[PDB]
Amino acid sequence: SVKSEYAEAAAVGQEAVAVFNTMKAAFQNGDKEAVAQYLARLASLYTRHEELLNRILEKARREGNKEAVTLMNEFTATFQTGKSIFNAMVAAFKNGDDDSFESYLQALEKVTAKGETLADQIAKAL
Ligand SMILES: Cc1cc(CO)c2ccccc2n1
């Protein structure tokens, strides 16, 4: 169902969460070789999450589930904020700009934490 597909999507989100927090530790430790690898891993995860989310939204639309569509339209808009900040973080790492990397990192955390109440509301709406 769309609901199982959302639980599948949620798990990918939590995996990216887990990797993100291991990457932060590595960055703080200066282990750039680890950071580079975790940034690759997070890119692949977010790319997969984004695609699963699109499929869920399209299915909610085909189902006529107006409330779930409203919530998913907002949730995906927030996701794209995250993706933009993530991409800026990756560029800061490429550039050696640790000040920008720290900034982007904390912003990506706050953006993600905010969007959590909506993430749970979608689960209940589908
Ligand atoms: C993989 C992933 C998961 C979540 C939520 O857990 C996100 C939230 C905002 C932006 C990007 C995100 N990327």
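What comes next is a walk through the structure. (Residues numbered from 1 in each chain as written, not as in the entry; some residues may be left out. Heavy atoms only, no water.)

Things to note about a negative patch on the surface
And then number 1: Taken together, the side chains of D97, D98, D99 and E102 make up a negatively charged region of the molecular surface.
And then number 2: With respect to the helices, strands and loops of the structure, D97 is situated in the loop between α3 (66–95) and α4 (98–114).
And then number 3: Since its relative accessible area comes to 30%, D97 is described here as partly exposed. (Patch = residues over 30% accessible without salt bridge, like charges linked within 9 Å, V, L, I, M, F, W, Y side chains within 5 Å. Areas by Shrake-Rupley, 256 points an atom, 1.4 Å probe, with all protein chains shown as cover. Salt bridge = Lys/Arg side-chain N within 4 Å of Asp/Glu carboxyl O. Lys, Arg positive; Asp, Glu negative; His and termini not counted. Charge placed at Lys NZ, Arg CZ, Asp CG, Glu CD. Helix = DSSP H or I, 4+ residues; strand = E, 2+ residues; numbered from the N terminus. Buried < 20%, exposed > 50% of the residue type's maximum accessible area, 1.4 Å probe, protein only.)

Structural notes on the pattern of salt bridges
And then number 1: Across all of its chains, the model carries 5 salt bridges by this definition.
And then number 2: In this structure, the salt-bridge partner of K59 is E5, at a minimum N-O distance of 3.0 Å. On the criterion of sequence distance, the pair formed by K59 in helix α2 (residues 32–62) and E5 in helix α1 (residues 2–29) is long-range, its members being 54 residues apart.
And then number 3: Across the salt bridge formed by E109 and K24, the nearest N and O atoms sit 3.0 Å from each other. Residue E109 is located in helix α4, and its partner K24 is located in helix α1; the two are separated by 85 residues in the primary sequence.
And then number 4: Accessibility expressed as a relative area gives 27% for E109, which makes it partly exposed.
And then number 5: Put simply, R48, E51 and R55 are held in one network by salt bridges that share partners.

Side note on the packing of α3 against α4
And then number 1: Two elements in contact, α3 and α4, have axes separated by 9 Å at closest approach and are oriented at 160°. Comparing the axis directions of α3 and α4 gives the class roughly antiparallel. Seen from above, α3 lies across α4 with left-handed handedness. Judged by residue contacts, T78, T81, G82, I85, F86, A88, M89, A92 and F93 of α3 engage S100, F101, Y104, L105, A107, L108 and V111 from α4.
And then number 2: In the contact of α3 with α4, the residues fall into 12 nonpolar, 4 polar and no charged. (Axes fitted to C-alpha atoms, helices over the stretch in contact; angles between N-to-C directions. Parallel < 35°, antiparallel > 145°, perpendicular 65-115°, else oblique. Left-handed = near helix turned anticlockwise from the far one by under 90°. Contact = heavy atoms within 4.5 Å. Nonpolar A, V, L, I, M, F, W, Y, C, P; charged D, E, K, R; others polar.)

Quick notes on the site of the ligand
And then number 1: Taken together, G13, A16, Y46, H49, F79, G82 and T112 are the residues near the ligand.
And then number 2: Relative to its free-state accessible area of 330 Å², the ligand is covered by the protein chains to the extent of 93%.
And then number 3: Because more than half of its atoms lie within 2 Å of the grid, the ligand is assigned to the largest pocket.
And then number 4: Of all the elements in the fold, those that place two or more residues in the shell around the ligand are α1, α2 and α3.
And then number 5: Looking at the shell around the ligand residue by residue, the class counts come to 3 nonpolar, 4 polar and no charged. (Near = heavy atom within 4 Å. 1 Å grid on protein atoms, 1.4 Å probe; cavity = no way out; pocket = protein on both sides within 12 Å on 5 of 7 lines; lining within 4 Å. Sits in = over half its atoms within 2 Å of the grid points.)

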